[PDB]
Amino acid sequence: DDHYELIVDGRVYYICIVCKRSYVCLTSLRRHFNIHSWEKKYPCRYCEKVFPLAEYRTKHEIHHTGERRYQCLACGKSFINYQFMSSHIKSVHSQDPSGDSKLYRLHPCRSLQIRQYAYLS
DNA sequence: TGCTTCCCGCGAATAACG
DNA sequence: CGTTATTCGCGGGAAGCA
Ligand SMILES: [Cl-]
Ligand SMILES: [Zn+2]
Ligand SMILES: [Zn+2]
Ligand SMILES: [Zn+2]
């Protein structure tokens, strides 16, 4: 089909026929396989570009709107994405958002229409 | 070398099904 | 509808890049 299976120990892995990348979940391999396949297009509704993954388009479109959903809770600065936010918190506040504390807040997306997680309210 | 985008397990929201 | 299958948002490390 589009993959074969591998089994080590009990573990089942799904392997991409084309690039031989390994996946624990089949939904993952299918999501990945569109990169080879290009059977689904995710075109940017603001410009030319097309993406092989829905989430790539979504990150892209937020950069069009300028919305800043990531807010540092120590000083209030807002950021476009996780990486800027984390980078800020680590350098300025000398803390890590990975472990434990709610150091930042992610606002619901309001600059465009995407699926909304009830926990962000 | 520090931004920048990619990656993929995980599971919530929604769609397709019956 | 209830009940499933599907989509895709998210974290945060990795990989890419100039
Ligand atoms: Cl904003
Ligand atoms: Zn592949
Ligand atoms: Zn665009
Ligand atoms: Zn701050």
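Proteins come first, then strands; the chains are lettered A, B, ... in the order of their sequence lines, and each starts at number 1. For the numbers below, each heavy atom of this structure counts, side chains included, while hydrogens, waters and symmetry mates do not.
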Student: Which part of the nucleic acid does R57(A) contact within heavy-atom distance under 4.0 Å: base, sugar-phosphate only, or nothing?
Tutor: nothing
Student: Just to be sure I understand the rule, does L106(A) reach a base, reach only the sugar-phosphate, or reach nothing, if contact means heavy atoms closer than 4.0 Å?
Tutor: sugar-phosphate
Student: Is it the case that atom NE2 in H107(A) sees more than 12 heavy atoms from other parts of the structure closer than 6.0 Å?
Tutor: yes
Student: Of the listed nucleotides (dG9(B), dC10(C), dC8(C)), which one gets closest to any side-chain atom of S28(A)?
Tutor: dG9(B)
Student: Base, sugar-phosphate, or nothing for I62(A), non-hydrogen atoms under 4.0 angstrom?
Tutor: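 Answer is nothing: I62(A) stays at 4.0 Å or more from every strand.
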Student: Any idea which of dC8(B), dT7(C), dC10(C) is nearest the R21(A) side chain?
Tutor: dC8(B)
Student: Going by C1'-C2'-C3'-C4' alone, is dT4(C) a north or a south sugar?
Tutor: north
Student: Let's see if you can work this out: which of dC8(C), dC7(B), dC8(B) has an atom nearest to the side-chain heavy atoms of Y56(A)?
Tutor: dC7(B)
Student: Pick base, sugar-phosphate or nothing for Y104(A), based on heavy-atom distances below 4.0 Å to the nucleic acid.
Tutor: sugar-phosphate
Student: Please determine if a side-chain N or O atom of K59(A) lies less than 4.0 Å away from the OP1 or OP2 oxygen of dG9(C).
Tutor: no
Student: So, does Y119(A) get its side chain near the phosphate of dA13(B), meaning an N or O under 4.0 Å from OP1 or OP2?
Tutor: no
Student: Under 4.0 Å between a side-chain N/O of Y23(A) and OP1 or OP2 of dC8(B), yes or no?
Tutor: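 Looking at the OP1 and OP2 atoms of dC8(B), one of them is under 4.0 Å from a side-chain N or O of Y23(A).
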Student: Are OP1 or OP2 of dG11(C) and a side-chain N or O of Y82(A) less than 4.0 angstrom apart?
Tutor: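 False: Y82(A) side-chain N/O out of range (4.0 Å or more) of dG11(C) OP1/OP2.
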Student: Among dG11(B), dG9(C), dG13(C), which is the nearest nucleotide to the side chain of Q83(A)?
Tutor: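 Ranking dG11(B), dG9(C), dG13(C) by closest atom to the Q83(A) side chain puts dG13(C) first.
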Student: Report the nucleotide, chosen from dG9(C), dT4(B), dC7(B), that has the shortest atom-to-atom distance to any side-chain atom of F84(A).
Tutor: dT4(B)
Student: Under 4.0 Å: is that the gap between some side-chain N or O of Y42(A) and OP1 or OP2 of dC8(C)?
Tutor: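 So the side-chain polar atoms of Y42(A) do come within 4.0 Å of the phosphate oxygens OP1 or OP2 of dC8(C), strictly under.
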Student: From the set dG11(B), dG13(C), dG11(C), return the single nucleotide nearest to any side-chain atom of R115(A).
Tutor: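 When the side chain of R115(A) is considered, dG11(B) is the closest of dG11(B), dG13(C), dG11(C).
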